[PDB]
Amino acid sequence: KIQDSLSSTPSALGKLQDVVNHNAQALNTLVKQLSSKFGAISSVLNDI
Amino acid sequence: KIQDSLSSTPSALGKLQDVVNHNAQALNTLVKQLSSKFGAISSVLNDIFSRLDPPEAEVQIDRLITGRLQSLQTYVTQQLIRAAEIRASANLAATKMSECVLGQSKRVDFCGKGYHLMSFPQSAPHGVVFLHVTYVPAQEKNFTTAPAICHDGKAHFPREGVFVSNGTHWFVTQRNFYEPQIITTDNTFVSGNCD
Amino acid sequence: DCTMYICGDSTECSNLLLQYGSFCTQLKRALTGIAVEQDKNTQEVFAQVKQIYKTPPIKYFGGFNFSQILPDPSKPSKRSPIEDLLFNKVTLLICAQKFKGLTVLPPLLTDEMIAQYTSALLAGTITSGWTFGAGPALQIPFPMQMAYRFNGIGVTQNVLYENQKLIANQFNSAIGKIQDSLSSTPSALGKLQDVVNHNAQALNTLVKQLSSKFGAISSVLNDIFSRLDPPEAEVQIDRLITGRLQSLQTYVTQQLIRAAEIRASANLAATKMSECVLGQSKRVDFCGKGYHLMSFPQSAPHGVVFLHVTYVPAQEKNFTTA
Amino acid sequence: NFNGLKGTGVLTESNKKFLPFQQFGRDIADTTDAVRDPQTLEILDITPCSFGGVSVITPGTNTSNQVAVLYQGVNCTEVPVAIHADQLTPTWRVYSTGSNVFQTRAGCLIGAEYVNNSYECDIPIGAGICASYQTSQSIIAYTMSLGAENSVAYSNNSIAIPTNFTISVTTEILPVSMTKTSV
Ligand SMILES: *[C@@H]1O[C@H](CO)[C@@H](O)[C@H](O)[C@H]1NC(C)=O
Ligand SMILES: *[C@@H]1O[C@H](CO)[C@@H](O)[C@H](O)[C@H]1NC(C)=O
Ligand SMILES: *[C@@H]1O[C@H](CO)[C@@H](O)[C@H](O)[C@H]1NC(C)=O
Ligand SMILES: *[C@@H]1O[C@H](CO)[C@@H](O)[C@H](O)[C@H]1NC(C)=O
Ligand SMILES: *[C@@H]1O[C@H](CO)[C@@H](O)[C@H](O)[C@H]1NC(C)=O
Ligand SMILES: *[C@@H]1O[C@H](CO)[C@@H](O)[C@H](O)[C@H]1NC(C)=O
Ligand SMILES: *[C@@H]1O[C@H](CO)[C@@H](O)[C@H](O)[C@H]1NC(C)=O
């Protein structure tokens, strides 16, 4: 009964899905924080 | 005796009291940086916009909004340290109530001082308090001991306990309570000669 | 210190630093909490008993040898030779370069009474057995106190007495290989030598940020006060103030994470001394590899060393079963 | 002010030797510790003194109002020399010549006498010395009492077996949760 217990519902293996997602949108927000001006003229360095 | 003990001194409930004072004094410190100057001209927001240049005012409010956010950023970091400390004890509390309460634990000095018998949980604000019913020995006497015995040219070792002599006649008793019995083959097992 | 580290011998920072609010009172409170947590850890790891027991005058222990672990009366310090080998390998004159407010507070328990606590635990675990941690101390001879450690393993006690002499020299020589194995490799105290290095690296590199420019024109305060006027010197020094307080906050945050690590290690060490010394733990691979009999604690600089007297079967033989 | 350098330390004599062109000394941690006098080419030495924490060893407010000021790490053959106006940022200039001092490893404490008994510790201080409140009421300092030296009558034939028992109820307290906060 174990294979039908884990294969049917997708909530059986959430304890690793949230682990591999905690280091997924952390990287995405780290990329997205370059777009912030931080009280400057522009978010890119070459044009200024 | 516990109801007199828990109210005689304030140190009995000091651990849960310290828990609620850290979360109270964190917010008491937190509001006090709202009135902090942070090197600006004022703490009230509308005083910056009253006379300054609006491009210069946005620079002035940038160094103030970062100072207010850094006080909040420090606060979230301080709660994350404290949330990991309580989780180290909550997993210990779940370990205690699944071993001391729902069974008898043979761990020495874990579910109470000395030998442990059972426990009782009680509900307290922001935590839990136990009543670890233990079992601790009392007054004792000392005797003369031999590690073995031999009667028919053959060594005999105890089935349980230890041989104890009171001075004239030997006895075998339990290891944690004085209960002497006469030496019998039901109380011993044989292994080799006695040389 | 708040003002001494950032703007030492600078009175004109005093109105400039105190206007930030109650920022470094939190820093001092956090470091005071770490300082009292170190003393709490040292109190709850070692002091499991309140009666300081004493070793007997004669040192015969049923044919065994414990000369290396008991304190030597010939030395002026009441320590053992194992602490003599352990103290020389741990290295650090390094406190004289800390004139910028970083004052290393001494521990409450000095280095001599910790050795007295370890001597008391040793005198308990040789002469009393496990009963001194669970009420009044009951003295027991050692050739019978070992005979109730096989009985919690799975072998009956008919193999200790009749093989007494053969188990004596097999143990004593097992002490001797500990004497040179600590000096055989430098990694033997690698669990401790890094830790004193962790405060060696962090305290040194805390100094070099105030030597850095941090985006300003000079790392010292007098010359920028001299050649440039105070009506536009706050816009030059706010960078230095913010960078120095941010570096101090980062150092204190790393100190909090390291102290949480030391706390998690210290609770484990207290559990180990609570059941691998004051009894006989049945958990496999907790008090050494294989079956566990007993253990001996030994003091160490900013740590502890356990000697687990384990048990390993050998020379298997084939048989046919039913 | 030697050749454009700023500092407020003492000027003593050191045994270190400079090169004829190497003028300014330094250390590992980037501190100024040695200069050369232009007029005379002898070797100098720079170190500052002194700083340290100040603690108030006090009992409860309703008990009394007397104090015991501690000085962390500072050798107190120096603080009675430093009794001067505009030199002591603490206000009590007359407290440096007060009661009988006792010297510890962490620095001597001023305002408390010493006793040589074996008492339990109430207010820990450090390095095996701590204070309490005792009776003629004054703050004292003493040595740690680690308990009575209980003996062991160990032999090669002696067992000790209890004949009675007392069931006790010991209470321990553990936190579980924390006040939830949203911002
Ligand atoms: C029992 O112990 C006491 C002290 O603990 C000692 O004086 C006495 O001689 C002991 N009794 C025997 C029979 O050894
Ligand atoms: C030992 O116990 C036995 C049985 O109670 C008794 O007959 C004997 O007199 C006792 N001897 C001593 C020395 O107490
Ligand atoms: C214990 O061993 C040391 C050397 O390892 C030896 O000098 C000493 O005599 C021994 N003691 C006993 C009681 O055998
Ligand atoms: C037991 O016998 C098998 C087959 O003869 C052999 O492979 C194995 O090594 C033997 N075990 C031992 C411990 O000698
Ligand atoms: C400075 O003048 C004094 C007095 O003549 C002299 O003794 C000293 O050597 C001079 N030092 C230098 C470096 O010229
Ligand atoms: C203070 O200096 C004297 C000078 O010899 C020394 O003997 C004493 O040990 C020093 N005390 C401290 C606490 O440094
Ligand atoms: C054990 O202690 C209790 C508590 O006072 C007492 O009433 C009882 O008589 C004692 N029993 C023995 C056998 O000493």
# chains A, B, ... in the order shown; residues from 1 in each chain; ligands from 1
$ residues_near_ligand --ligand "ligand 2" --cutoff "7 Å" --atoms "only C-alpha atoms and all ligand atoms" --output "JSON, numbers by chain"
{"B": [166, 167, 168, 169]}
$ write_last_selection --atoms "N, CA, C and O atoms" --output "compact mmCIF listing (two decimals), in the first residue's frame"
# COMPACT_ATOMS: atom_id res chain seq x y z
N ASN B 166 26.38 -9.97 56.87
CA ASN B 166 26.17 -9.11 58.02
C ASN B 166 27.18 -9.37 59.14
O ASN B 166 27.17 -8.65 60.14
N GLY B 167 28.03 -10.38 58.99
CA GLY B 167 29.06 -10.67 59.97
C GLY B 167 29.20 -12.14 60.28
O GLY B 167 30.31 -12.62 60.53
N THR B 168 28.09 -12.88 60.27
CA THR B 168 28.10 -14.30 60.57
C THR B 168 27.53 -15.16 59.45
O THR B 168 28.08 -16.22 59.15
N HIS B 169 26.43 -14.74 58.83
CA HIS B 169 25.77 -15.52 57.79
C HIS B 169 25.63 -14.68 56.53
O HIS B 169 25.30 -13.49 56.60
$ residues_around --residues "residue B:64" --least-positions-apart "2" --cutoff "10 Å" --atoms "only C-alpha atoms" --output "PDB file with N, CA, C and O atoms, in the first residue's frame"
ATOM      1  N   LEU B  34      11.462  55.199  16.483  1.00  0.00           N
ATOM      2  CA  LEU B  34      10.632  56.067  15.655  1.00  0.00           C
ATOM      3  C   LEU B  34      10.871  57.534  15.979  1.00  0.00           C
ATOM      4  O   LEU B  34      10.793  58.387  15.089  1.00  0.00           O
ATOM      5  N   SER B  36      13.792  58.512  17.072  1.00  0.00           N
ATOM      6  CA  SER B  36      15.221  58.730  16.896  1.00  0.00           C
ATOM      7  C   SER B  36      15.479  59.634  15.697  1.00  0.00           C
ATOM      8  O   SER B  36      14.794  59.551  14.674  1.00  0.00           O
ATOM      9  N   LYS B  37      16.477  60.508  15.837  1.00  0.00           N
ATOM     10  CA  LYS B  37      16.745  61.505  14.807  1.00  0.00           C
ATOM     11  C   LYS B  37      17.411  60.886  13.583  1.00  0.00           C
ATOM     12  O   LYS B  37      17.096  61.267  12.447  1.00  0.00           O
ATOM     13  N   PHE B  38      18.332  59.935  13.806  1.00  0.00           N
ATOM     14  CA  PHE B  38      19.144  59.280  12.767  1.00  0.00           C
ATOM     15  C   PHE B  38      19.937  60.291  11.937  1.00  0.00           C
ATOM     16  O   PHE B  38      20.141  60.111  10.735  1.00  0.00           O
ATOM     17  N   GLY B  39      20.391  61.362  12.584  1.00  0.00           N
ATOM     18  CA  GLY B  39      21.174  62.380  11.916  1.00  0.00           C
ATOM     19  C   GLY B  39      20.402  63.300  10.999  1.00  0.00           C
ATOM     20  O   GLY B  39      21.022  64.080  10.268  1.00  0.00           O
ATOM     21  N   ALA B  40      19.074  63.236  11.008  1.00  0.00           N
ATOM     22  CA  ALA B  40      18.252  64.077  10.153  1.00  0.00           C
ATOM     23  C   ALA B  40      17.943  65.389  10.873  1.00  0.00           C
ATOM     24  O   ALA B  40      18.556  65.724  11.890  1.00  0.00           O
ATOM     25  N   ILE B  41      16.996  66.160  10.341  1.00  0.00           N
ATOM     26  CA  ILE B  41      16.596  67.399  10.996  1.00  0.00           C
ATOM     27  C   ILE B  41      15.435  67.206  11.965  1.00  0.00           C
ATOM     28  O   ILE B  41      15.279  68.011  12.895  1.00  0.00           O
ATOM     29  N   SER B  42      14.629  66.160  11.787  1.00  0.00           N
ATOM     30  CA  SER B  42      13.459  65.936  12.624  1.00  0.00           C
ATOM     31  C   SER B  42      13.048  64.476  12.525  1.00  0.00           C
ATOM     32  O   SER B  42      13.485  63.746  11.632  1.00  0.00           O
ATOM     33  N   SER B  43      12.198  64.061  13.463  1.00  0.00           N
ATOM     34  CA  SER B  43      11.573  62.746  13.418  1.00  0.00           C
ATOM     35  C   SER B  43      10.172  62.777  12.828  1.00  0.00           C
ATOM     36  O   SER B  43       9.719  61.765  12.284  1.00  0.00           O
ATOM     37  N   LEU B  45       7.552  63.561   9.982  1.00  0.00           N
ATOM     38  CA  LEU B  45       7.791  63.452   8.545  1.00  0.00           C
ATOM     39  C   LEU B  45       7.542  64.769   7.819  1.00  0.00           C
ATOM     40  O   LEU B  45       8.251  65.095   6.859  1.00  0.00           O
ATOM     41  N   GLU B  58      13.966  64.225  -0.590  1.00  0.00           N
ATOM     42  CA  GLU B  58      13.897  62.794  -0.863  1.00  0.00           C
ATOM     43  C   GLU B  58      15.219  62.113  -0.528  1.00  0.00           C
ATOM     44  O   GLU B  58      15.230  60.941  -0.134  1.00  0.00           O
ATOM     45  N   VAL B  59      16.336  62.828  -0.681  1.00  0.00           N
ATOM     46  CA  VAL B  59      17.620  62.340  -0.189  1.00  0.00           C
ATOM     47  C   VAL B  59      17.622  62.301   1.336  1.00  0.00           C
ATOM     48  O   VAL B  59      18.115  61.344   1.948  1.00  0.00           O
ATOM     49  N   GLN B  60      17.057  63.336   1.969  1.00  0.00           N
ATOM     50  CA  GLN B  60      16.972  63.389   3.427  1.00  0.00           C
ATOM     51  C   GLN B  60      16.061  62.299   3.979  1.00  0.00           C
ATOM     52  O   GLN B  60      16.353  61.712   5.027  1.00  0.00           O
ATOM     53  N   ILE B  61      14.956  62.009   3.288  1.00  0.00           N
ATOM     54  CA  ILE B  61      14.074  60.942   3.748  1.00  0.00           C
ATOM     55  C   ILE B  61      14.622  59.564   3.391  1.00  0.00           C
ATOM     56  O   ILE B  61      14.195  58.568   3.986  1.00  0.00           O
ATOM     57  N   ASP B  62      15.569  59.477   2.446  1.00  0.00           N
ATOM     58  CA  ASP B  62      16.190  58.194   2.127  1.00  0.00           C
ATOM     59  C   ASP B  62      17.057  57.689   3.271  1.00  0.00           C
ATOM     60  O   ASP B  62      17.026  56.497   3.594  1.00  0.00           O
ATOM     61  N   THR B  66      15.871  54.380   5.552  1.00  0.00           N
ATOM     62  CA  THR B  66      16.785  53.258   5.713  1.00  0.00           C
ATOM     63  C   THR B  66      17.102  53.018   7.182  1.00  0.00           C
ATOM     64  O   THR B  66      17.288  51.870   7.599  1.00  0.00           O
ATOM     65  N   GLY B  67      17.174  54.091   7.973  1.00  0.00           N
ATOM     66  CA  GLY B  67      17.399  53.939   9.401  1.00  0.00           C
ATOM     67  C   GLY B  67      16.229  53.294  10.116  1.00  0.00           C
ATOM     68  O   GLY B  67      16.417  52.507  11.048  1.00  0.00           O
ATOM     69  N   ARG B  68      15.003  53.622   9.698  1.00  0.00           N
ATOM     70  CA  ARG B  68      13.830  52.980  10.280  1.00  0.00           C
ATOM     71  C   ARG B  68      13.700  51.534   9.823  1.00  0.00           C
ATOM     72  O   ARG B  68      13.245  50.682  10.595  1.00  0.00           O
ATOM     73  N   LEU B  69      14.094  51.237   8.582  1.00  0.00           N
ATOM     74  CA  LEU B  69      14.020  49.868   8.086  1.00  0.00           C
ATOM     75  C   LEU B  69      15.114  48.996   8.686  1.00  0.00           C
ATOM     76  O   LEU B  69      14.903  47.793   8.871  1.00  0.00           O
ATOM     77  N   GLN B  70      16.283  49.574   8.984  1.00  0.00           N
ATOM     78  CA  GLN B  70      17.353  48.806   9.614  1.00  0.00           C
ATOM     79  C   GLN B  70      17.006  48.426  11.046  1.00  0.00           C
ATOM     80  O   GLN B  70      17.462  47.385  11.534  1.00  0.00           O
TER      81      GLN B  70
END
$ residues_around --residues "residue C:124" --least-positions-apart "6" --cutoff "8 Å" --atoms "only C-alpha atoms" --output "PyMOL selection string"
chain C and resi 53+130+132
$ atom_distance --atom1 "atom CA of residue C:127" --atom2 "atom CA of residue C:146"
11.2 Å
$ residues_around --residues "stretch 17-34 of chain D" --least-positions-apart "3" --cutoff "12 Å" --atoms "only C-alpha atoms" --output "VMD selection string"
(chain C and resid 94 to 100 201 203 to 212 219 to 220) or (chain D and resid 2 to 14 37 to 38 41 to 48)
$ residues_around --residues "residue C:63" --least-positions-apart "3" --cutoff "9 Å" --atoms "only C-alpha atoms" --output "MDAnalysis selection string"
chainID C and resid 60 143 164:165 168:169
$ residues_near_ligand --ligand "ligand 1" --cutoff "6 Å" --atoms "only C-alpha atoms and all ligand atoms" --output "list in words"
residues 142 and 143 of chain B; 153 of chain D
$ residues_near_ligand --ligand "ligand 3" --cutoff "10 Å" --atoms "only C-alpha atoms and all ligand atoms" --output "list in words"
residues 58, 59, 60, 61, 62, 63, 64, 65, 66, 67, 68, 168, 169, 172, 173, 175 and 176 of chain C
$ write_last_selection --atoms "N, CA and C atoms" --output "PDB file, in the first residue's frame"
ATOM      1  N   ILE C  58      45.406   4.944  49.241  1.00  0.00           N
ATOM      2  CA  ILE C  58      45.952   3.860  48.437  1.00  0.00           C
ATOM      3  C   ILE C  58      45.229   3.812  47.094  1.00  0.00           C
ATOM      4  N   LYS C  59      45.973   3.464  46.044  1.00  0.00           N
ATOM      5  CA  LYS C  59      45.470   3.566  44.679  1.00  0.00           C
ATOM      6  C   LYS C  59      45.313   2.207  44.006  1.00  0.00           C
ATOM      7  N   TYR C  60      45.230   1.128  44.779  1.00  0.00           N
ATOM      8  CA  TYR C  60      44.940  -0.176  44.204  1.00  0.00           C
ATOM      9  C   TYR C  60      43.461  -0.251  43.849  1.00  0.00           C
ATOM     10  N   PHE C  61      43.167  -0.679  42.626  1.00  0.00           N
ATOM     11  CA  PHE C  61      41.813  -0.649  42.086  1.00  0.00           C
ATOM     12  C   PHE C  61      41.468  -1.977  41.428  1.00  0.00           C
ATOM     13  N   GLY C  62      41.742  -3.074  42.128  1.00  0.00           N
ATOM     14  CA  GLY C  62      41.378  -4.383  41.627  1.00  0.00           C
ATOM     15  C   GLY C  62      42.228  -4.898  40.491  1.00  0.00           C
ATOM     16  N   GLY C  63      43.452  -4.400  40.350  1.00  0.00           N
ATOM     17  CA  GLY C  63      44.348  -4.851  39.308  1.00  0.00           C
ATOM     18  C   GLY C  63      44.435  -3.951  38.096  1.00  0.00           C
ATOM     19  N   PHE C  64      43.701  -2.844  38.073  1.00  0.00           N
ATOM     20  CA  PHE C  64      43.731  -1.922  36.948  1.00  0.00           C
ATOM     21  C   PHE C  64      44.703  -0.786  37.257  1.00  0.00           C
ATOM     22  N   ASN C  65      44.870   0.118  36.295  1.00  0.00           N
ATOM     23  CA  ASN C  65      45.816   1.220  36.419  1.00  0.00           C
ATOM     24  C   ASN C  65      45.136   2.501  35.965  1.00  0.00           C
ATOM     25  N   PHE C  66      45.015   3.461  36.876  1.00  0.00           N
ATOM     26  CA  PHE C  66      44.451   4.771  36.586  1.00  0.00           C
ATOM     27  C   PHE C  66      45.424   5.872  36.986  1.00  0.00           C
ATOM     28  N   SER C  67      46.721   5.631  36.779  1.00  0.00           N
ATOM     29  CA  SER C  67      47.731   6.603  37.184  1.00  0.00           C
ATOM     30  C   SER C  67      47.732   7.833  36.286  1.00  0.00           C
ATOM     31  N   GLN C  68      47.369   7.675  35.014  1.00  0.00           N
ATOM     32  CA  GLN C  68      47.426   8.793  34.080  1.00  0.00           C
ATOM     33  C   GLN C  68      46.274   9.773  34.263  1.00  0.00           C
ATOM     34  N   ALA C 168      42.995  -6.876  32.625  1.00  0.00           N
ATOM     35  CA  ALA C 168      43.667  -5.760  33.282  1.00  0.00           C
ATOM     36  C   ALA C 168      44.657  -5.086  32.338  1.00  0.00           C
ATOM     37  N   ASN C 169      45.682  -5.830  31.905  1.00  0.00           N
ATOM     38  CA  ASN C 169      46.732  -5.286  31.047  1.00  0.00           C
ATOM     39  C   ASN C 169      46.225  -4.920  29.660  1.00  0.00           C
ATOM     40  N   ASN C 172      45.040  -1.280  30.510  1.00  0.00           N
ATOM     41  CA  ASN C 172      46.092  -0.332  30.879  1.00  0.00           C
ATOM     42  C   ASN C 172      46.926   0.075  29.671  1.00  0.00           C
ATOM     43  N   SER C 173      47.288  -0.901  28.830  1.00  0.00           N
ATOM     44  CA  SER C 173      47.970  -0.601  27.575  1.00  0.00           C
ATOM     45  C   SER C 173      47.076   0.195  26.635  1.00  0.00           C
ATOM     46  N   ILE C 175      45.272   2.535  27.660  1.00  0.00           N
ATOM     47  CA  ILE C 175      45.525   3.908  28.081  1.00  0.00           C
ATOM     48  C   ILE C 175      46.758   4.460  27.374  1.00  0.00           C
ATOM     49  N   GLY C 176      47.786   3.616  27.202  1.00  0.00           N
ATOM     50  CA  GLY C 176      49.087   4.100  26.754  1.00  0.00           C
ATOM     51  C   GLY C 176      49.082   4.624  25.331  1.00  0.00           C
TER      52      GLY C 176
END
$ interface_residues --of "chain B" --to "chain C" --cutoff "9 Å" --atoms "only C-alpha atoms" --output "PyMOL selection string"
chain B and resi 29+32-33+35-39+71+77-78+81+84-85+88+106-110+113-115+135-140+142+147+157+190-192+195
$ select_by_dssp --residues "chain D" --states "strand (DSSP E)" --output "NGL selection string"
:D and (10-13 or 44-47 or 54-56 or 69-71 or 109-110 or 118-119 or 123-126 or 129-134 or 138-144 or 159-162 or 165-166 or 169-170 or 173-174)
$ residues_around --residues "residue D:139" --least-positions-apart "3" --cutoff "10 Å" --atoms "only C-alpha atoms" --output "number ranges by chain"
D: 57-59, 66-68, 111-114, 131-135
$ closest_residue --among "B:44, B:92, B:100, B:148" --to "chain D" --atoms "only C-alpha atoms"
B:92
$ residues_around --residues "stretch 75-80 of chain D" --least-positions-apart "6" --cutoff "7 Å" --atoms "only C-alpha atoms" --output "PyMOL selection string"
chain D and resi 96-97+107-108
$ decode --residues "stretch 163-182 of chain B" --atoms "N, CA, C and O atoms" --output "PDB file, in the first residue's frame"
ATOM      1  N   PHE B 163      26.103 -10.696  46.771  1.00  0.00           N
ATOM      2  CA  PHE B 163      26.203 -11.330  48.079  1.00  0.00           C
ATOM      3  C   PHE B 163      26.555 -10.302  49.147  1.00  0.00           C
ATOM      4  O   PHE B 163      27.375  -9.408  48.925  1.00  0.00           O
ATOM      5  N   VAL B 164      25.920 -10.429  50.311  1.00  0.00           N
ATOM      6  CA  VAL B 164      26.095  -9.502  51.422  1.00  0.00           C
ATOM      7  C   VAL B 164      26.205 -10.310  52.709  1.00  0.00           C
ATOM      8  O   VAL B 164      25.351 -11.158  52.988  1.00  0.00           O
ATOM      9  N   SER B 165      27.260 -10.060  53.481  1.00  0.00           N
ATOM     10  CA  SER B 165      27.438 -10.658  54.797  1.00  0.00           C
ATOM     11  C   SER B 165      27.173  -9.611  55.868  1.00  0.00           C
ATOM     12  O   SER B 165      27.683  -8.488  55.781  1.00  0.00           O
ATOM     13  N   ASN B 166      26.377  -9.975  56.871  1.00  0.00           N
ATOM     14  CA  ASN B 166      26.174  -9.107  58.022  1.00  0.00           C
ATOM     15  C   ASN B 166      27.177  -9.368  59.137  1.00  0.00           C
ATOM     16  O   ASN B 166      27.169  -8.646  60.140  1.00  0.00           O
ATOM     17  N   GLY B 167      28.031 -10.376  58.986  1.00  0.00           N
ATOM     18  CA  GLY B 167      29.058 -10.668  59.965  1.00  0.00           C
ATOM     19  C   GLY B 167      29.198 -12.142  60.281  1.00  0.00           C
ATOM     20  O   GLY B 167      30.307 -12.621  60.534  1.00  0.00           O
ATOM     21  N   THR B 168      28.088 -12.875  60.267  1.00  0.00           N
ATOM     22  CA  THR B 168      28.097 -14.304  60.567  1.00  0.00           C
ATOM     23  C   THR B 168      27.527 -15.163  59.451  1.00  0.00           C
ATOM     24  O   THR B 168      28.084 -16.221  59.150  1.00  0.00           O
ATOM     25  N   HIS B 169      26.429 -14.740  58.827  1.00  0.00           N
ATOM     26  CA  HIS B 169      25.770 -15.519  57.791  1.00  0.00           C
ATOM     27  C   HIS B 169      25.632 -14.680  56.531  1.00  0.00           C
ATOM     28  O   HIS B 169      25.298 -13.494  56.597  1.00  0.00           O
ATOM     29  N   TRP B 170      25.885 -15.301  55.384  1.00  0.00           N
ATOM     30  CA  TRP B 170      25.812 -14.584  54.125  1.00  0.00           C
ATOM     31  C   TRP B 170      24.364 -14.446  53.664  1.00  0.00           C
ATOM     32  O   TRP B 170      23.475 -15.194  54.078  1.00  0.00           O
ATOM     33  N   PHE B 171      24.138 -13.460  52.800  1.00  0.00           N
ATOM     34  CA  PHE B 171      22.819 -13.200  52.245  1.00  0.00           C
ATOM     35  C   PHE B 171      22.976 -12.675  50.829  1.00  0.00           C
ATOM     36  O   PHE B 171      24.005 -12.099  50.470  1.00  0.00           O
ATOM     37  N   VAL B 172      21.936 -12.875  50.027  1.00  0.00           N
ATOM     38  CA  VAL B 172      21.832 -12.282  48.701  1.00  0.00           C
ATOM     39  C   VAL B 172      20.611 -11.369  48.688  1.00  0.00           C
ATOM     40  O   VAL B 172      19.559 -11.701  49.249  1.00  0.00           O
ATOM     41  N   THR B 173      20.783 -10.173  48.134  1.00  0.00           N
ATOM     42  CA  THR B 173      19.747  -9.156  48.174  1.00  0.00           C
ATOM     43  C   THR B 173      19.737  -8.388  46.864  1.00  0.00           C
ATOM     44  O   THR B 173      20.624  -8.537  46.021  1.00  0.00           O
ATOM     45  N   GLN B 174      18.717  -7.551  46.709  1.00  0.00           N
ATOM     46  CA  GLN B 174      18.565  -6.737  45.517  1.00  0.00           C
ATOM     47  C   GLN B 174      19.553  -5.573  45.543  1.00  0.00           C
ATOM     48  O   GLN B 174      20.063  -5.179  46.595  1.00  0.00           O
ATOM     49  N   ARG B 175      19.824  -5.022  44.361  1.00  0.00           N
ATOM     50  CA  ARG B 175      20.869  -4.016  44.236  1.00  0.00           C
ATOM     51  C   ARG B 175      20.436  -2.631  44.702  1.00  0.00           C
ATOM     52  O   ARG B 175      21.300  -1.776  44.920  1.00  0.00           O
ATOM     53  N   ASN B 176      19.134  -2.382  44.862  1.00  0.00           N
ATOM     54  CA  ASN B 176      18.662  -1.041  45.188  1.00  0.00           C
ATOM     55  C   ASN B 176      17.702  -1.027  46.373  1.00  0.00           C
ATOM     56  O   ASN B 176      17.052  -0.006  46.619  1.00  0.00           O
ATOM     57  N   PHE B 177      17.607  -2.128  47.114  1.00  0.00           N
ATOM     58  CA  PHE B 177      16.783  -2.191  48.311  1.00  0.00           C
ATOM     59  C   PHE B 177      17.292  -3.336  49.172  1.00  0.00           C
ATOM     60  O   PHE B 177      17.643  -4.396  48.651  1.00  0.00           O
ATOM     61  N   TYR B 178      17.328  -3.121  50.484  1.00  0.00           N
ATOM     62  CA  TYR B 178      17.798  -4.153  51.402  1.00  0.00           C
ATOM     63  C   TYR B 178      16.695  -5.185  51.588  1.00  0.00           C
ATOM     64  O   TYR B 178      15.651  -4.894  52.181  1.00  0.00           O
ATOM     65  N   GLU B 179      16.926  -6.394  51.083  1.00  0.00           N
ATOM     66  CA  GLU B 179      15.949  -7.480  51.170  1.00  0.00           C
ATOM     67  C   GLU B 179      16.699  -8.800  51.139  1.00  0.00           C
ATOM     68  O   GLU B 179      16.845  -9.432  50.086  1.00  0.00           O
ATOM     69  N   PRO B 180      17.204  -9.251  52.287  1.00  0.00           N
ATOM     70  CA  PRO B 180      18.061 -10.440  52.295  1.00  0.00           C
ATOM     71  C   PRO B 180      17.266 -11.735  52.241  1.00  0.00           C
ATOM     72  O   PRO B 180      16.216 -11.877  52.873  1.00  0.00           O
ATOM     73  N   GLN B 181      17.782 -12.685  51.464  1.00  0.00           N
ATOM     74  CA  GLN B 181      17.230 -14.027  51.368  1.00  0.00           C
ATOM     75  C   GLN B 181      18.350 -15.039  51.559  1.00  0.00           C
ATOM     76  O   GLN B 181      19.534 -14.711  51.463  1.00  0.00           O
ATOM     77  N   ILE B 182      17.959 -16.284  51.841  1.00  0.00           N
ATOM     78  CA  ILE B 182      18.943 -17.349  51.984  1.00  0.00           C
ATOM     79  C   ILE B 182      19.462 -17.751  50.601  1.00  0.00           C
ATOM     80  O   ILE B 182      18.797 -17.569  49.572  1.00  0.00           O
TER      81      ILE B 182
END
